[PDB]
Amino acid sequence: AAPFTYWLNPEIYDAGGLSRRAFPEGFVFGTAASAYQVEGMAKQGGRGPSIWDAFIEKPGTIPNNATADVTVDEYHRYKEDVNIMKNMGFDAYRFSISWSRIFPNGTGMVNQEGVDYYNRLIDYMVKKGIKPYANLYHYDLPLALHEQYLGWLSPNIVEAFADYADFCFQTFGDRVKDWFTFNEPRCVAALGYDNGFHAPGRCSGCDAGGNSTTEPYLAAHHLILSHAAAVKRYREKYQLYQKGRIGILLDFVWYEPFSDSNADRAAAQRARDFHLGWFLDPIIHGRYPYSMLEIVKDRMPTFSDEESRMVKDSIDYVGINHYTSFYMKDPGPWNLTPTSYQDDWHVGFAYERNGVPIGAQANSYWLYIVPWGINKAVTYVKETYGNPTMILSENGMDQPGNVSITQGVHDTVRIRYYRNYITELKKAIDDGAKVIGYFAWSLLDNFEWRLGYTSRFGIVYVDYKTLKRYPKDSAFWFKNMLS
């Protein structure tokens, strides 16, 4: 790396008033990653294929036909990675367990080599004083279960997931005291089954097949049932002895009414219903959002009374993944013929008001930098869902992939992102929000799904040539803020 790499950025030492003492006693700071995005060894160590392994095969899917077969190779480099987390002052690490690394077929035969990996990773975190937060699912359905019955589209997936989860509880639950069933089930359902942007690539008229009017709702329904079934195992068999907690990780874009008109306000609420309420209303109230029931009608599955009881209160806390905000407008008169889940929202998007952008854009096409949105989103959950216990489980932003080491490490925009967002989060907590943790996405630059390696989200730069880690200025900003 060129000598400018080592210039000391003064922004590192501007914590903007933030410190641990500005947050609740015992408040957890961590970083979050996922198995597929960081591990490597996708086709090795006994790991069975997942839907993304098949999805990536088709040329054009990932920029420069890159894969996650190696990625940043945390499978071998976990000690270094945990050492960085500890040196930067983090309390915790939210990682995920690859279903197909534990069960290559999804069911039956345990891959012991996979189990051994997670045991190593967890034992080392513990040794180093890093709290393990284990997520069970991050986009990585075993391909065999998709081949057998179309995965999330079948009620068969429910007990299969619960069995896998049950296994993880008895195997890792002596050390792991903080569990999540799913990361972003809304994205699993919408990206996988509405427009086919993510594995398994299904939608109306997609090459893989599908039906954007029904499959998103079917997948989501089974995700909710699978979550509840997994939580039932934990609560009935493990929780009392292990003394841990279990939740779910939900993405939440803040939708701000474009104007104060009734129509624009109702549009913003509708977007929240279809985005967050889709999963949170069942978990907190045992039923789907009212607007969804009224718009989607017969295309939405119904819970039985038993199912409804199992789903309701099936969390000890909720994870809110939050990055961005948009303005939301009434789109005028609605189209009558169902086409897709996205179209079912019946909303208009806006990205500027009075010629002023809602915020600057990050590298990712969807990511607008709008710090006040984290405050609105957290406050909304507090006021709507009975002030639940919350973890702000993902927050971060990206640089373009094509940045060099020398410029990549000087990420002042990311420092300002964290300082501003965390400051707005602190405001929500000061006003009564029961937030107990905060997790930055992500420690390392990694495989960013359809963007491959063209998007860099890390507070630590990774040279993909050599797999060497270079802490960015933002990492040192955290180190100073947290000390």
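All residue numbers refer to positions in the sequence shown, first residue = 1. For the two forms, the rigid core is made up of the largest set of C-alpha atoms that agree within 1.5 Å on superposition.
Colleague: Relative to the presented form, and with the rigid core used for superposition, do the C-alpha atoms of 177 to 185 or of 205 to 213 deviate more in 4 other deposited structures of this protein?
Modeller: Higher average C-alpha offset in 4 other deposited structures of this protein goes to 205 to 213.
Colleague: On mean C-alpha B-factor from the PDB entry, just flag whether 391 to 399 or 354 to 362 is the higher one.
Modeller: The stretch with the larger average C-alpha B-factor is 354 to 362.
Colleague: Would you tell me which stretch averages the higher CA B-factor in the PDB entry, 244 to 252 or 97 to 105?
Modeller: It is 97 to 105.
Colleague: Taking the values straight from the PDB record, which of 77, 272, 177, 376 has the highest C-alpha temperature factor?
Modeller: If I rank 77, 272, 177, 376 by C-alpha B-factor, first place goes to 77.
Colleague: Could you say which of 185, 192, 114, 282 has its CA atom at the highest B factor, as listed in the PDB entry?
Modeller: The C-alpha B-factor peaks, among 185, 192, 114, 282, at 114.
Colleague: Give the position of residue 419 by CA B-factor within its chain, expressed as the lowest, middle or highest third.
Modeller: Its C-alpha B-factor belongs to the lowest third of this chain's values.
Colleague: Within this chain, which third does the Cα B-factor at residue 9 fall in: lowest, middle or highest?
Modeller: Answer is middle: the recorded C-alpha B-factor places it there.
Colleague: Split the chain's modelled residues into thirds by Cα B-factor; is residue 167 in the lowest, middle or highest one?
Modeller: CA B-factor rank for residue 167: middle third.
Colleague: Is the Cα B-factor recorded for residue 410 in the lowest, middle or highest third of its chain?
Modeller: Within its chain, residue 410 is a middle-third residue by C-alpha B-factor, going by the deposited values.
Colleague: When the modelled residues of the chain are sorted by Cα temperature factor, does residue 446 land in the lowest, middle or highest third?
Modeller: It belongs to the lowest third of the chain when residues are ordered by C-alpha B-factor.
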